[PDB]
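# Examination of the molecular architecture
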Amino acid sequence: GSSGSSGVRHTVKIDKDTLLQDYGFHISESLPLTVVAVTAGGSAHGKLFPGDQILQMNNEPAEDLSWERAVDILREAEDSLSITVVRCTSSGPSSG
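Residues numbered from 1 in each chain as written, not as in the entry; some residues may be left out. Heavy atoms only, no water.

In terms of determination method, the entry is listed under solution NMR.

Put into structure tokens, the structure is as follows:
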């Protein structure tokens with residue numbers, strides 16, 4: 001019975017750019033890896049967005065994985081990076 005927050009998980013791949021010298025999107029140094037910025041038309045264009053919470057990185061549990069560890073996964077990824085995030089929105093109390 002795999003069920004929970006409305007937010008659905010979306011597995012998207014990423015890659016480093018030759019001009020932006022980065023994987024398009026960025027990540028906060030804090031423990032709770034949360035998309036801080038998402039290039040507009042780069043590698044993580046659309047695939048990700050500033051506000052989501054990383055759930056998996058290169059086939060690894062985010063819970064037992066912190067920014068520090070992720071920083072090593074972002075570089076390790078040579079061919080591509082299998083990053084997964086959730087898509088949840090404040091629905092309910094939202095008033096206008």
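### Things to note about the side chain of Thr84
Within the element layout of this structure, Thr84 appears in strand 3 (residues 81-87). The buried category is assigned to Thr84, whose relative accessible area is 3%. Not counting chain neighbours up to four residues away, the residues in contact with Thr84 comprise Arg9, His10, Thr11, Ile54, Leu55 and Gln56. (Helix = DSSP H or I, 4+ residues; strand = E, 2+ residues; numbered from the N terminus. Buried < 20%, exposed > 50% of the residue type's maximum accessible area, 1.4 Å probe, protein only. Contact = heavy atoms within 4.5 Å.)

### Some words on the environment of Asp79
By the element assignment, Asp79 lies in the loop between helix 1 (67-76) and strand 3. For the pair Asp79 and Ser95, spaced 16 residues apart in sequence, the C-alpha separation works out to 45 Å.

### Looking at helix 1
Among the residues of helix 1, those classed as buried are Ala70, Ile73 and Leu74. Within helix 1, the buried residues cover an arc of 100 degrees as seen down the axis, which keeps them to one side. Exposed side of helix 1, more than 90 degrees from the buried face: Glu68, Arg75 and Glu76 are the residues found there. Taken together, the buried residues of helix 1 touch strand 2 (54-57) and strand 3. (Arc of directions from axis to C-beta.)

### A few points about the sheet that holds strand 2
Spatially, three strands are ordered 1-3-2 in an open sheet, and the strand pairing comes out antiparallel. Strand pairing shows two members of the sheet lacking a second neighbour, strand 1 (8-14) and strand 2, which therefore form its edges. Across the sheet, the axes of successive neighbouring strands diverge by a mean angle of 20 degrees, strand direction being ignored. With seven bridges joining them, strand 1 and strand 3 adopt antiparallel strand pairing. Bridge assignment links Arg9 to a residue of strand 3, and that residue is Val86. (Pairing = 2+ DSSP bridges. Axes fitted to C-alpha atoms, helices over the stretch in contact; angles between N-to-C directions.)

### Concerning the side chain of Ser43
Note on placement: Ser43 falls in the loop between strand 1 and strand 2. Once residues within four sequence positions are removed from consideration, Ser43 is found in contact with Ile14, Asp15, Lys16, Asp17, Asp22, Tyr23 and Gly24.

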